[PDB]
Amino acid sequence: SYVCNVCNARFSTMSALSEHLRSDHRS
Amino acid sequence: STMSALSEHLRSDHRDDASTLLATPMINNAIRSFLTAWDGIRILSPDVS
Amino acid sequence: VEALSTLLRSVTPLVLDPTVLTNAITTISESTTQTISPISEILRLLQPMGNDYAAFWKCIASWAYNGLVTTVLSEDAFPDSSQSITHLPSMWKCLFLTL
Amino acid sequence: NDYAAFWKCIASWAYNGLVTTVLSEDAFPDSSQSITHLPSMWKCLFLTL
Amino acid sequence: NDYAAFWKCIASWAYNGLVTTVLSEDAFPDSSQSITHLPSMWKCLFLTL
Amino acid sequence: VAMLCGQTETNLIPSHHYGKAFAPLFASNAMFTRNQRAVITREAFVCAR
Amino acid sequence: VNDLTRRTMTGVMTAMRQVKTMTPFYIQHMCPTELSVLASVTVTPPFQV
Amino acid sequence: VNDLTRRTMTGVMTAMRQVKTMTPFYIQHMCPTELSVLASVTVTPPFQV
Amino acid sequence: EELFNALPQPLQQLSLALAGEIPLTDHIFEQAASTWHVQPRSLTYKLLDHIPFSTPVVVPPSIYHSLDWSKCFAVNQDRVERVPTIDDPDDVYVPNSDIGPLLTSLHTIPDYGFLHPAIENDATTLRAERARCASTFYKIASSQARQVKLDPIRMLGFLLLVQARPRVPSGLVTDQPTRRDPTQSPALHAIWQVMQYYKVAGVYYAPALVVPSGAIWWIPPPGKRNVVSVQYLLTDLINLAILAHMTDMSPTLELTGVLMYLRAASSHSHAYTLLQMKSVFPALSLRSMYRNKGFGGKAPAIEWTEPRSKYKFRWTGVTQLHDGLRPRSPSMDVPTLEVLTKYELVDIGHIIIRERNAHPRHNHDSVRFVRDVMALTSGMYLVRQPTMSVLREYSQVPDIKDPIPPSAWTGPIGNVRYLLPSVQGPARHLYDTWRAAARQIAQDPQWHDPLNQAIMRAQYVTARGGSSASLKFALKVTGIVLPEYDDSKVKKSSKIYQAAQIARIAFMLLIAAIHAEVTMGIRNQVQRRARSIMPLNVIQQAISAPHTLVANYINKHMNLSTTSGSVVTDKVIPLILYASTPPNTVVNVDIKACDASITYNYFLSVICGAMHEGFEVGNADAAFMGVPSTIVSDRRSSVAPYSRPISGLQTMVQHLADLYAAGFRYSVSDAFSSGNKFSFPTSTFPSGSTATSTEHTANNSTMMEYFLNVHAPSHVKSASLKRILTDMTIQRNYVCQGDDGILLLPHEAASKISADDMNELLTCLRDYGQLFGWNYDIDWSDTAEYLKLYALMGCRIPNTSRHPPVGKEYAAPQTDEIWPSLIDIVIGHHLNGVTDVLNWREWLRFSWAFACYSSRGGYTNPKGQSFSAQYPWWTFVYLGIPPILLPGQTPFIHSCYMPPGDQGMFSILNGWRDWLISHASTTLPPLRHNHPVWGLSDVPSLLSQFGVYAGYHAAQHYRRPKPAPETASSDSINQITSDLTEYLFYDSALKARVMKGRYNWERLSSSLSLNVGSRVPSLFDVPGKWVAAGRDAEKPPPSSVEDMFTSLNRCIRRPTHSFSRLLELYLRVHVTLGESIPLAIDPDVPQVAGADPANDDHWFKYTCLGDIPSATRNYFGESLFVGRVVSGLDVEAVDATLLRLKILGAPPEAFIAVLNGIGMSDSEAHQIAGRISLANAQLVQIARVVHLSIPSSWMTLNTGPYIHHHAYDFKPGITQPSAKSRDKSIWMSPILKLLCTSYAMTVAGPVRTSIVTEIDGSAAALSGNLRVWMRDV
RNA sequence: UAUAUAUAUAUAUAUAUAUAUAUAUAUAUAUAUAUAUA
RNA sequence: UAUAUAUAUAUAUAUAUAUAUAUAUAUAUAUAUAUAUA
Ligand SMILES: [Zn+2]
């Protein structure tokens, strides 16, 4: 299904993709 | 050998460069700023059940 | 708080309209030979985080439950302490805080 | 219209006992405005004249 | 062209103490309403007559 | 913005407006269920103690 | 601060002070009524200090 | 209001006050004659109060 | 993918280019285009062999059950009718028959066939019945197949080509690869199975082939037979397959659509079967979404400003959703399922319902699901025999439940009767309303202004027209010898032509001609019956003027025409969004057939009487538009009858009422049928264009107002309903346009009205409409349907099915167009895929494939030579299609919102600048002397090597041939001119004004030496524009075509290395992008279905800017100085010239001459000229002076504030001081801002702040050159 | 022949209870893969 | 080989949702019987 290009995490619903994408990827 | 391999290298290696010859790292950087603003939204407007 | 706020906003006869303020702002005459326009700055600052305008009712609702929860000014709205009064955007923020 | 209002006002005098001419409501400054709002000030001037 | 109400009232006169004609409850102006609301004012006039 | 951009209808009568607004909110026994629950809570608490 | 800008700043501030907003009146006279009524409606009564 | 604009506004108003219009004379001296004559021509005589 | 191996080498290369593997080049661009034009189309079907389908679809053999056509047609009263099979009188569409027996063989392609020459001859000469019936059947069947922008097989080839290889990922973190894949699409598998029937030796003969003259068919062998419905089924399948891929829907939904089409195709009358069960999909999904318990989510909070007439709305946050807000109306499942049981398709409903139940909460997924399912309805342009259409639509008369008694009228006034005061009811309301408006119109010196009179007369002339034959007959009948100008090669039926003939004649002589026949036309539709076009003649259009004028006043001065000012159509977007928000309850209404229900016996008689009475207040002797006052007999008093004069307006009414009472007399001459022209009258109102919307909107508003304020309170029962029904008025609760209308209820206090009361309310409205014969066709589903726009909970839903990828209307048996026009078709096609939010990456890929095929074409002389040409691909970039991958860049970095024209070029080059300069230095020797923008590295040679200049100039070349003049015809040209000028300049003052203005202008322009040859808009050229338009409407001769091809090729071959002067100067600016702007709204809240994190770029663009146009201080420049203008001239040209003059500092008399050149009197000219100032002008208003405009694609976004205070033309800490515009900034800054925002919109991803960083030359030098160019043009 | 009421049987829809299957979430155990440490 | 972390799969338990079957209740439709009216 939906997937994130940075960590290959896969999601059933787009809302889960959105919340993950916004929060999990940032001498 | 492929545009795919080149693109992955650009996203991964030159993740923070500012050379004008490259576009994609800047856009990704802008997206990161976009997300930070998104945090500012709900941080003062959460979601109730 | 959310329940009261939404319920409150349904019955009130008061309506909010940013337009009237903007007209009062933009009608100010100014010279075009200046490097900085205070008008543009305050207009840019005046627009909320989103086009939300909901915090007002949130403040009203909180009063009925001040024992449980307290509204507090958002920390990010404070002017940076390193700035000086001559830095106009910082000055405007200070004005909005005291209001 | 070659300013029909002017002649209309004059004609109304002959039959003032039957019909009266009034200033149109739309041709008023909005009560929400301040004196510094230039269009409002001009409107008020015209009404006075 | 029925005018049932008018004849009903006259007929009821002979049978008061058995049937009483009353003004329709919904014919009254709403209590919250104000005198400046013209449709309500007319209702009151007809109600009075 | 809310403080400075507050406006209402030209000729508002507050008593009338609130009269319409609050009408549906007092049509049922909703307020009384909490009273009944409070009583049962009282009895339950005492007996448990 | 160049006086031209300084003149502008006091001007725009003056404009804000002159806006005929409705909110201050509503806070003092009408908002308390709305709270007083709604206090009997919410599933949780008010809790103040 | 910036004085330059204020200087302009008083200027244009001054210009209007100085226009050598003919209308005021016509109202006082010539228009009544036209009315007096036409009053005998219209199918409906004047009706004044 | 073995399919990729199956493709020929050039197509494999093209697929690689489309996938983003390699930068596209002209070489492969030609090879692909050429080979497509030479190989037989059947090979595209042959490609399907290499797809291992795995979908559960079976094509029943029930399809091949051709019903005999002979029983589906008959002639009676000498007209070929349709004789419906079922008892339903509406089964008048194309049947399901085997066309085979009516075919001969072609000499060019022996396999396919066309109609027997014997049949058409006998039908023509002998008028033989069966010959005619066969001919009619063949014609319409061919026409139905022709309703496509091009051959469907080509589109299928496009889809396979793009889908042959996965696109390369970009570097963007949101670039999700496609989830859908082939071998899972039921549509393609269905196409495979059905096409298996059409192969004899593994050849896959196409069931039909479209040609410019229609479509041809293949002769079946003795065993087989081809049913015409199969061709239609293929088109629907192909269209669905394309749409499903672009919308990226689950295969399950596509499966349902396939079963949907198959069931329809199995039965007879494929069109009729589809038409019957049309609304099933929207009812199953859109009308019933959130009728459950687990409801919730976020929704827009929209507020309607106090001056509601202005239609101004404000976004003011978001609202949490909860169960108390869930929709109240009953679902639509029961009726739809009941209907589906008839066609035993209950499985489809069960599948849809079960899938729908997986979206209990409102979010992106829910609306995306709704968008996809609603995209399943058939996208075919249905067409039927025009004879049946006209016979079925105009055969209806309204049924009045309480007619006005005859005793309710006064004595006649010659033709009209006034309404007795004692009569009350809705009719009285209607009578008073029109009468009051007529009074206001009566005294109005706005008319009799010669300029305004010019506007009305000029408004009557267009390139199109009709009824000219009736006109010539009627006037010739009355002894009027009209002029002729045939040598001037212009169509007689053009409204221009007849207007020229009339110019000299005294108007009253023409009065007898108004009672003449009117021709008619038909325009097909996608989801309904075909529309009608009924163009009146110029005289009739002139007579009906009072009706229009009064209607306009009613609209503009009551409910502000309910948006019928149509200033920008987007004003309805926020309206429906607000109307669909949870706090509001909305009801969709529309007259069943307003055109067919307006009539004289009830409606028009009342209006005519009211207008005639309303005009009584006014000088009885006052001619209007050349119609003098006359004497009429008054018979109101039986004891004292007499005759009195009546003004010209009343005389117009006298005739107008006579015409309406007589009823319109149409004459049908359909070409698809055979030898069956006839005429019959009807009371149906013409309603052929927007000129009818005014009358229907006025009556619509009037009846609604009376219903709300009078009828409903007196009749309804629920006390609560009465309480809420009162305190409600149309000006803030109702809008409409023609038949369409929207009614929204006052906000029930934190609650919703009982459905019981709603049912009571809706029922009473139906009865109220039934009274005077209006079927109101209302519905209540908590959604917003207005002008074919759909909103759900404040989110807009693009109904993609109304824009089928393959379908296109064609109203004639012949396409009648030339090859280069296909390019414009492609451009328009692509934009819809942007307006509707599709998967922007895949849509772009498909678009380029379409462009490649269109890029090439040819032509042959009627007897002699052939001609050919094709464009370099860079043309389409200039036309507004983003490139996929430039050499040295990364694919998919350009957003679809990239502006067309020079702006798109500049933005592309600006981003591409540094790579080009550096690369040119390495590859090529330096140029011989320094360059303003470039160093010595000589990029222009590199651009020429890329063929950029070729494409850039090729797109500038015209694409329609030009007709040739002649000298004796020029005597007719002069005769045409003279008369057009005579018709235009009825009086003399206007002619004096224009002549003085022109004389002064050229004198000033030359003497002051501004320039010479400035084509300034002036009235003297308006007839010239009309003449050119009239001549252009004609089919061009072949010589013009040959000139086009030769000129185009020469323009392609000519080696040029420069853009336009403007673009050259624009390249001098350097623009950079900063961080993202603060967000407009919460990204969680959906605003447009499909503009979600999956479709990232749209999702970015909408989220950053916000959709609601909210120009609180900009007004988007709609305050043009010249509010009143004549047709033909362009306002956008006029203000551009005026501002250009003002910037050039021309003396005031220059403005006076220009203004006087378009009829403005000296006094108003001075008044207008004074208003011109650089201060009050808006950013776009001034920026347009150099043709910098806003792309249409942006019209749905709130770009105002961004352009105002987010495009820094001079940031102090960043800009080089050389770029400081200084005092000229008053008119320089808008230009820079427009350039900046154009570049920002070009790139993909979130919107960022745009900053000018440097101008290679000094800003002063840039301003100076611009002033020079402004002075030059 | 039609309408109304009652009883019986069949079908459809809704609610409650029980059983079976599927999907999602959480916890525990086992197996496989990847990374780190010994 | 052992330990830790992450991912996937299987099994078990708990919870939620959907579908199917059985039982009970209500409503609608159809059929049969009885009664009443026309
Ligand atoms: Zn991720």
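Attention here is on the structure that accompanies the text. (Residues numbered from 1 in each chain as written, not as in the entry; some residues may be left out. Chains lettered and ligands numbered in written order. Part of a larger assembly, values for the part shown. Heavy atoms only, no water.)

Looking only at helices and strands, chain B features two helices and zero strands. A principal-axis box enclosing the C-alpha atoms of chain B has dimensions of 50 × 25 × 10 Å. Within chain B, the proportion of its 49 residues that are buried is 35%. Split by element, the accessible area of chain B, about 2,900 Å² in all, is 56% carbon and sulfur. (Helix = DSSP H or I, 4+ residues; strand = E, 2+ residues; numbered from the N terminus. Buried < 20%, exposed > 50% of the residue type's maximum accessible area, 1.4 Å probe, protein only. Areas by Shrake-Rupley, 256 points an atom, 1.4 Å probe, with all protein chains shown as cover.)

Let us look at the overall build of chain F. Helix and strand counts for chain F stand at two helices and one strand. Reading the helices (α) and strands (β) of chain F from amino to carboxyl end gives β-α-α. Over its C-alpha atoms, taken along the principal directions, chain F stretches across nearly 60 × 30 × 10 Å. Every one of the 49 residues in chain F was classed for burial, and the buried ones make up 18%.

In this complex, chain C contributes 26 residues to the contact, which on the side of chain G involves 27 residues. Both faces combined, the contact of chain C with chain G buries some 2,500 Å², and carbon together with sulfur accounts for 82% of it. The interface formed by chain C and chain G holds seven residue pairs in polar contact in total. Taken together, the elements giving at least two residues each to the side of chain C that touches chain G come down to α1 (2-11), α2 (18-26), α4 (55-63) and α5 (88-98) of chain C. (Contact = heavy atoms within 4.5 Å. Buried area = accessible area lost by both parts, 1.4 Å probe. Polar contact = N/O pair within 3.5 Å; in protein donor to acceptor, adjacent residues only side chain to side chain.)

Residues and elements named next belong to chain I. Counting buried residues in strand β16 (residues 664-668) gives four out of five residues, a clear majority hidden from the surface. Where strand β10 (residues 518-519) meets β16, two bridges bridge the pair, whose relative direction is parallel. Bridge pairing links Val518 to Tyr666 in β16. Of the pairings in the sheet, the one linking β16 to strand β17 (residues 678-682) comprises five bridges and is antiparallel in character. What sits directly across from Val668, in β17, is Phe678. (Pairing = 2+ DSSP bridges.)

A few words now on the coordination of the zinc ion. All names here are of chain A. The protein atoms donating to the zinc ion are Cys4 (SG), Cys7 (SG), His20 (NE2) and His25 (NE2), with metal-donor distances spanning 2.0 to 2.3 Å. Note that the zinc ion binds four donor atoms; their angles at the metal cover 87 to 133 degrees, and the shape is tetrahedral. All donors of the zinc ion belong to a single chain; written as a sequence motif, their spacing is C-x2-C-x12-H-x4-H. (Donors = N, O, S within 2.8 Å, 3.2 Å for Na, K, Ca; no water. Tetrahedral: all angles 85-135°; square planar, octahedral: opposite > 155°, others 65-115°.)

A grouping of D:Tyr3, D:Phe6, D:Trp7, D:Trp13, H:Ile27 and H:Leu35 is seen on the molecular surface, where their side chains present a nonpolar patch of about 650 Å² in accessible area. At three residues, helix α1 (residues 4-14) of chain D tops the list of elements feeding residues into the nonpolar patch. (Patch = residues over 30% accessible without salt bridge, like charges linked within 9 Å, V, L, I, M, F, W, Y side chains within 5 Å. Salt bridge = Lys/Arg side-chain N within 4 Å of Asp/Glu carboxyl O.)

Before going further, it helps to spend a moment on α1(C). When α1(C) is considered as a whole, its buried residues turn out to be C:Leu4, C:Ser5, C:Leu7, C:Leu8 and C:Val11. In this fold, the buried residues of α1(C) make contact with α4 of chain C, α1 (14-22) of chain F together with α2 (23-29) and α3 (31-38) of chain G.

Next up on the list: helix α22 (residues 545-556) of chain I. Residues and elements named next belong to chain I. With 12 residues, α22 should cover 16 Å at 1.5 Å per step; its first-to-last C-alpha distance of 16 Å lies within 8% of that length. Those residues of α22 not exposed but buried are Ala545, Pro546, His547, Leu549, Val550, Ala551, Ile554 and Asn555. Contact partners of the buried residues in α22: α17 (426-442), α21 (538-543), α25 (600-614), α26 (648-662) and α27 (693-715). (Expected span 1.5 Å × (residues − 1).)

Attention now goes to the side chain of I:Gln385. Residue and element names in this part refer to chain I. Looking at the element boundaries, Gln385 is found in the loop between α15 (364-374) and α16 (386-393). You can call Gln385 buried: its relative accessible area is 3%. Separated by 2.7 Å, the side chain of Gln385 and the backbone oxygen of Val80 make a polar contact. Once you skip the residues sitting within four places of it in the chain, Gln385 turns out to touch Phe73, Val80, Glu81, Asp670 and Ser673.

Before going further, it helps to spend a moment on the packing of α17(I) against α22(I). All names here are of chain I. Here α17 crosses α22 at 105 degrees, and the two axes come no closer than 9 Å. Taken together, the axis directions place α17 and α22 in an arrangement best described as roughly perpendicular. Each of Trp434, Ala437, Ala438, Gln440 and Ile441 in α17 lies in contact with α22, whose residues at this interface are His547, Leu549, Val550, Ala551, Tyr553 and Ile554. Of the residues belonging to the contact of α17 with α22, the class tally is nine nonpolar, two polar and no charged. (Axes fitted to C-alpha atoms, helices over the stretch in contact; angles between N-to-C directions. Parallel < 35°, antiparallel > 145°, perpendicular 65-115°, else oblique. Nonpolar A, V, L, I, M, F, W, Y, C, P; charged D, E, K, R; others polar.)

Most contacts, among the 17 pairs of chains that meet, fall between chains C and G. A gap remains between chain A and chain C, which never touch, and the nearest two C-alpha atoms on either side lie 17 Å apart. The two units chain F and chain H never meet; even their closest C-alpha atoms stay 21 Å apart.

Per the counting criterion, the structure on display carries 58 aromatic pairs over all chains. By way of ring pairs, the aromatic residues I:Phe29, I:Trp848, I:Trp873, I:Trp874, I:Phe876, I:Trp912, I:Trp915 and I:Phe946 are connected into one cluster. Over the aromatic face of B:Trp38 sits the side chain of A:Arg22, whose NZ or CZ is 4.0 Å from the ring centroid. Here I:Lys492 stacks its cationic end above the ring of I:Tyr497, 5.9 Å away from the centre of that ring. (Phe/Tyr/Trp six-rings, centres within 6.5 Å; stacked < 30°, edge-to-face > 60°. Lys NZ or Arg CZ within 6 Å of the ring centre and 35° of its normal.)

Before going further, it helps to spend a moment on the packing of helix α8 (residues 186-195) of chain I against helix α9 (residues 228-247) of chain I. All names here are of chain I. At their nearest, the axes of α8 and α9 sit 9 Å apart, and the two run at 155 degrees to each other. Classified by the interaxial angle, the pair formed by α8 and α9 is roughly antiparallel. In this structure, α8 crosses over α9, and the sense of that crossing is left-handed. Where α8 abuts α9, its residues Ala187, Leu188, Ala190, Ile191, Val194 and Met195 lie against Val230, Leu234, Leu237, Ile238 and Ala241. (Left-handed = near helix turned anticlockwise from the far one by under 90°.)

Before going further, it helps to spend a moment on the nonpolar core. All names here are of chain I. If you look at the biggest cluster of nonpolar residues, it comprises 245 residues, and the most contacted ones within it are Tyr45, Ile797 and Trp848. Of all the elements, α9 adds the most residues to this core, at 12 residues. When neighbours within four sequence positions are excluded, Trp848 is seen to be in contact with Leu18, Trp873, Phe876, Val877, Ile881, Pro882, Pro883 and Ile884. Membership of the second largest hydrophobic core comes to 145 residues, among which are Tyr394, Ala442, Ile543 and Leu1129. (Core = buried A, V, L, I, M, F, W, Y, C linked by side-chain atoms within 4.5 Å.)

Turning next to the environment of I:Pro1246. Positionally, I:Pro1246 belongs in the loop between α47 (1225-1242) and β27 (1248-1255). Residue classification places I:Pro1246 among the buried positions, given a relative accessible area of 2%. Between the alpha carbons of I:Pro1246 and I:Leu1079 there is a distance of 9.8 Å; along the sequence they are 167 residues apart. When near neighbours in sequence (up to four residues on either side) are disregarded, I:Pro1246 contacts B:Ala30, B:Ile31, B:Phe34, I:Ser1076, I:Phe1100 and I:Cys1104.

Turning to the sheet that holds strand β22 (residues 795-797) of chain I, a few remarks are in order. Residue and element names in this part refer to chain I. Read from one edge to the other, the open sheet built from three strands follows the order β20-β21-β22, with strand pairing classed as antiparallel. Of all strands in the sheet, those bounded by a partner on one side alone are β20 (784-786) and β22. Averaged over neighbouring strand pairs, the angle between their axes works out to 30 degrees when direction is ignored. Where β20 lies against strand β21 (residues 789-792), three bridges are found, and the strand directions are antiparallel.

The subject of this paragraph is the state of the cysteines. Scanning the entire structure with this criterion turns up zero disulfides over all chains. Of all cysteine sulfurs, the one in G:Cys31 lies closest to C:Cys59, which takes part in no disulfide; the gap is 11 Å. Considering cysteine sulfurs only, C:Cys59 is the nearest to C:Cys94, which forms no disulfide, with 18 Å between them. (Disulfide = S-S within 2.5 Å.)

All names here are of chain I. Read across the open sheet, the three strands follow the order β25-β27-β26; overall the sheet is mixed. Edge positions in the open sheet fall to β25 (1069-1076) and β26 (1207-1208), since each of these has one partner strand only. Alignment of β25 against β27, held across six bridges, turns out to be antiparallel. Within β27, the residue paired with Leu1073 across the bridge is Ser1250.

Moving on, we get to the side chain of I:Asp1082. Structurally, I:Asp1082 can be placed in the loop between β25 and α41 (1096-1105). Under the relative-accessibility criterion, I:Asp1082 is labelled buried at 10%. A polar contact of 2.8 Å, which involves the side chain of I:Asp1082, links it to the side chain of I:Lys298. Within the structure, the side chain of I:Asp1082 is placed 2.7 Å from the backbone nitrogen of I:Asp1084, a separation counted as a polar contact. Excluding anything up to four places from it in sequence, I:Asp1082 contacts B:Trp38, B:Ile41, I:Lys298 and I:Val318.

Turning our eyes to something else, we now look at the pattern of salt bridges. As enumerated under the stated definition, the model contains 47 salt bridges over all chains in all. Between A:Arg22 and B:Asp39 there is a salt bridge, with the nearest N and O atoms lying 2.5 Å from each other. Residue A:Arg22 is located in helix α1 (residues 14-24), and its partner B:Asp39 is located in helix α2 (residues 24-43); the two belong to separate chains. Among the salt bridges present, the one from I:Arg841 reaches I:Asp1096, with a minimum N-O distance of 2.6 Å.

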